[PDB]
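Student: Protein chains in written order, with PDB author numbering: chain B, 1540 to 1596, 1602 to 1733, 1737 to 1820; chain A, 1549 to 1598, 1601 to 1733, 1736 to 1820.
No residue lacks a Cβ here, since even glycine has one placed at the ideal position from N, Cα and C.
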Amino acid sequence: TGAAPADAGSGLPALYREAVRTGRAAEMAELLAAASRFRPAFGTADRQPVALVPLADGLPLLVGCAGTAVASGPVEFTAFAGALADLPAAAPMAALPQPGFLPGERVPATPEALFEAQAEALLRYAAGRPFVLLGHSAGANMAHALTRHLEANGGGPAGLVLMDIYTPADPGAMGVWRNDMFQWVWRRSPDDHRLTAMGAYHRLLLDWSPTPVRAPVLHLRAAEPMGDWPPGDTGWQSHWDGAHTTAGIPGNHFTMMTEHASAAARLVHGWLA
Amino acid sequence: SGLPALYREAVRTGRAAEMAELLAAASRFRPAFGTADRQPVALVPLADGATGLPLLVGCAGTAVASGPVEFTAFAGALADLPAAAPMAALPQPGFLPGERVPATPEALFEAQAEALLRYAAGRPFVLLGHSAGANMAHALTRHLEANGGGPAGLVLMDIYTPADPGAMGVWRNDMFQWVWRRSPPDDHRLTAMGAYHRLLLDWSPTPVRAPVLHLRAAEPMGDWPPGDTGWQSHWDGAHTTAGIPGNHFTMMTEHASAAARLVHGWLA
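(1) In three-state terms, what does DSSP make of B:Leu1694?
(2) Alpha carbon to alpha carbon, what distance is there between A:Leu1819 and A:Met1718?
(3) Distance cutoff 9 Å, beta carbons only. Does A:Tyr1555 sit that close to anything in chain B?
(4) Please report the Cβ distance between A:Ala1794 and A:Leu1814, rounded to the nearest whole angstrom; I am assuming they are in contact, meaning their Cβ atoms lie under 8 Å.
(5) With a threshold of 9 Å between beta-carbons, can A:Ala1558 be considered close to chain B, or not?
(6) Against B:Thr1540, what residues of chain A qualify as contacts under a CB-to-CB distance less than 9 Å, listed in chain order?
(7) Tell me whether B:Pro1772 sits in a helix, a strand or coil according to DSSP, three-state version.
(8) Mark A:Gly1746 as exposed unless 16 or more other C-beta atoms lie within 10 angstroms of its C-beta, in which case mark it buried.
(9) Decide yes or no for the touch test of the region 1617-1635 of chain A against the region 1711-1729 of chain A: beta carbon pairs closer than 8 Å, at least 3 of them.
(10) Who are the near neighbours of A:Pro1674 in its chain, counting only those whose CB is closer than 8 Å to its CB and skipping five residues on each side?
(11) Does any residue of chain B bring its CB to less than 9 Å from the CB of A:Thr1601?
(12) Which of the three DSSP states, helix, strand or coil, is assigned to B:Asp1739?
(13) Within the same chain, show all residues whose beta-carbon is closer than 7 Å to that of B:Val1760, passing over the 5 residues directly before and after it, in chain order.
(14) My understanding is that A:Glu1566 touches B:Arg1578, with C-beta atoms under 8 Å, so please give their C-beta distance in whole angstroms.
(15) Quick one, are the C-beta atoms of B:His1749 and B:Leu1551 less than 9 Å apart?
(16) Do you know offhand how far A:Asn1685's Cα is from B:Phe1645's?
(17) Please decide whether A:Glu1660 counts as near chain B, where near means a Cβ-Cβ distance under 9 Å.
(18) Taking the continuous alpha helix (DSSP H) assigned at A:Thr1792, which residues delimit it?
(19) Starting from the C-beta of A:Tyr1669, find all residues in its chain whose C-beta is less than 7 Å away, skip the five residues before and the five after it, and write them out in chain order.
(20) DSSP state of B:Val1815, grouped into three classes?
(21) Can you list, in chain order, the residues of its chain whose CB lies under 6 Å from that of A:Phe1726, leaving out five sequence neighbours each side?
(22) Assuming B:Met1718 is part of the alpha helix (DSSP H), what are its boundary residues?
(23) Using a Cβ cut-off of 9 Å (strictly closer), state whether B:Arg1576 contacts chain A.
(24) Check the Cβ of B:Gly1746 against every Cβ in chain A and list those closer than 7 Å, keeping chain order.
(25) Between A:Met1718 and chain B, is the shortest Cβ-Cβ distance under 9 Å, so that the two count as touching?
(26) For a cutoff of 9 Å on Cβ pairs, would you count A:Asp1708 as touching chain B?
(27) Could you confirm whether any beta carbon from chain A is found closer than 9 Å to the beta carbon of B:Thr1793?
(28) On the DSSP bridge assignment, give the partners of A:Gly1679 in chain order.
(29) Using a Cβ-Cβ cutoff of less than 6 Å, which residues in the same chain neighbour A:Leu1658 once the five nearest sequence positions on both sides are dropped?
(30) Would you give the residue range spanned by the beta strand (DSSP E) that B:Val1592 belongs to?
(31) Taking 9 Å as the cut-off, decide whether the C-beta atoms of B:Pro1643 and B:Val1607 are in contact.
(32) What residues in its chain sit with their C-beta under 7 Å from that of B:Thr1802, if we drop five residues either side in the sequence?
(33) Does any residue of chain B have a CB that is nearer than 9 Å to the CB of A:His1740?
(34) How long is the line joining the alpha carbons of B:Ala1663 and A:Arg1650, rounded to whole angstroms?
(35) Exposed or buried, which one is A:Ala1610 when buried takes at least 16 other CB atoms within 10 Å?
(36) Can you pull the chain A residues whose beta carbon is under 9 Å from the beta carbon of B:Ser1616, in chain order?
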């Protein structure tokens, strides 16, 4: 019936805005996931290329896998990389993008086509150097899956850093806060292209499950809830059984990797090698 | 790219079925008008009174190139038949910029009924629809008759049942392809189409009191392997049932004068 008549758009962005204004992020995410079925997609035979984006320069290569939100891309690491740079003996860093958010890239048809494409960029960028993968929010899901694929094919990273991971199919607090997230990722920045990419990766991440990896895991989790939590406990918190190290980072699900990315850089640094 | 570019990919790949489902879903985020906050509807005059014939009111259909322009071929023929009845078109709210969609069937039809009865100024009228517009002319006849009025007639052209469309199920993709070329569809027309798909999927072919002139296409728009007449529009209990030259679309393009000579004679 109309939450903000002043808005004069009509595409998916306007429909997106009207979803978040009326508390229907879940309904909208499904819409976007169904929409991505009509985006051309690349498969393993004709993989579109992927280029890692340099981020900074005894430690292994650090590789940040971009998230799958509209706000996501290499940019999301730049505070972390900048804080990482001015550290003594700091690792060199790169960034793995998720293809399709930029024009006019295809999304993957399958996870195998994605990880085959990201894995060839990765090994070409790293040479024989050991690497450690990292990712935050949905980028944490994306980095664990790439890990699965690397290890399954006889390779792998030296360790896996997973900042504030949740299960998309079992969202816990991240479902309760879904509309709150959709709010943030817009303002942080969104066209139809980026929005259907988010839809396609959301479809990918409905088949995701919290399965083990060989690589030692570092699990960073925010100190503050991003939304409100009526139960009043820390039941909202990200979890990872069998993590080598679990470490709290000040800030919330997002501000841990902006206003407080300095502390994450320091703890990552003290954990490597 | 947007919903225009997804729509064409769906049609290019034979998936107009999923595209109608998507737009139905996408439309549930369109701002809507209820009966309380009604969006005004205005009739579009097409042909002047040339009696004592009733006013013909075509009901606009629900696809992306529907509206009062779909009655230009028909209304031109009508205006050069001798002693013609006048005619106006009734648009469907939500397809033009800045317009909202109807929240409920009740909201749309109270808006339309208001407008239509204003414009008539006492004159009896005949509701006329083609394709999904037939379902809308029917659904408004039901609404009016339920509330103590109604048209003196109803003209259903090539009406199918959306939930169980038979041949229009088979040909949905040819439908979508043609309605695009006829147009240039934007997000706002695709999302309106979707809103009207949602309401039409609940539509059933209930009987009406007014006499029904049923007009149907001679030719199968798409191919029909069965080789029989199971592709044709079907209205049991119609007053009159006439075949009109052409297929679902050209029956109101090239052969509109055929439809209009026939309507004209049926009315008088």
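Tutor: The answer reads as follows:
(1) Here B:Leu1694 sits in helix by DSSP.
(2) Going by the C-alpha atoms only, they are around 29 Å apart.
(3) Chain B contact via Cβ: present.
(4) Taking 8 Å as the upper bound for CB-CB distance, A:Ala1794 and A:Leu1814 are in contact here, some 5 Å apart.
(5) True, the Cβ-Cβ gap to chain B drops below 9 Å.
(6) In chain order: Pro1579, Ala1580, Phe1581, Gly1582, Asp1585, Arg1650, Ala1653.
(7) If DSSP states are grouped into helix, strand and coil, B:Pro1772 belongs with coil.
(8) The residue in question, A:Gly1746, is buried, as its Cβ has 16 or more Cβ neighbours within 10 Å.
(9) Taking a contact to require three or more Cβ pairs closer than 8 Å, the region 1617-1635 of chain A and the region 1711-1729 of chain A do not qualify as touching.
(10) Counting only residues of its own chain and dropping the five nearest sequence neighbours on each side, A:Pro1674 has a CB closer than 8 Å to the CB of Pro1604, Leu1605, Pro1701, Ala1702.
(11) Taking Cβ atoms only, chain B never reaches closer than 9 Å to A:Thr1601, which makes this a no.
(12) If DSSP states are grouped into helix, strand and coil, B:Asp1739 belongs with the helices.
(13) Counting only residues of its own chain and dropping the five nearest sequence neighbours on each side, B:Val1760 has a CB closer than 7 Å to the CB of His1688, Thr1691, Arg1692, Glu1695, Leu1704.
(14) With 8 Å as the limit, A:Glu1566 and B:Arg1578 do not qualify as a contact, their Cβ atoms being about 13 Å apart.
(15) No; because the gap between Cβ atoms is not below 9 Å, this pair is not in contact.
(16) So the alpha carbons of these two residues sit roughly 41 Å apart.
(17) Taking Cβ atoms only, chain B never reaches closer than 9 Å to A:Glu1660, which makes this a no.
(18) Taken as a continuous stretch (DSSP letters only), A:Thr1792 belongs to no alpha helix (DSSP H), being part of the beta strand (DSSP E) at 1792-1796.
(19) Answer for A:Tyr1669: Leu1591, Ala1638, listed in chain order.
(20) Of the three classes helix, strand and coil, the one that applies to B:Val1815 here is helix, per DSSP.
(21) Result list for A:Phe1726: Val1559, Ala1564, in chain order.
(22) From DSSP, the alpha helix (DSSP H) with B:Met1718 extends over 1717-1720.
(23) Chain A has a Cβ within less than 9 Å of the Cβ of B:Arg1576.
(24) Neighbourhood of B:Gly1746 in chain A, by CB distance below 7 Å: empty, with the nearest CB roughly 11 Å away.
(25) So, not an interface residue.
(26) A:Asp1708 does not count as touching chain B.
(27) It does not; no Cβ of chain A falls within 9 Å.
(28) Answer by DSSP bridge pairing, in chain order: A:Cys1609, A:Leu1706.
(29) Exclusion of the five residues before and after A:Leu1658 leaves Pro1652 as the residues of its chain whose Cβ lies within less than 6 Å of its Cβ.
(30) Counting along the chain, the beta strand (DSSP E) containing B:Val1592 begins and ends at 1592-1595.
(31) Taking a C-beta distance under 9 Å as the contact criterion, B:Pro1643 and B:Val1607 do not qualify as a contact pair.
(32) No residues qualify anywhere along the chain.
(33) At least one C-beta of chain B is nearer than 9 Å to the C-beta of A:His1740.
(34) Straight-line Cα distance between these residues: approximately 48 Å.
(35) Classified as buried, A:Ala1610 has 16 or more neighbouring CB atoms from the shown chains inside 10 Å of its CB.
(36) Residues of chain A whose Cβ lies closer than 9 Å to the Cβ of B:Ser1616 do not exist, since the nearest Cβ in that chain is about 19 Å away.
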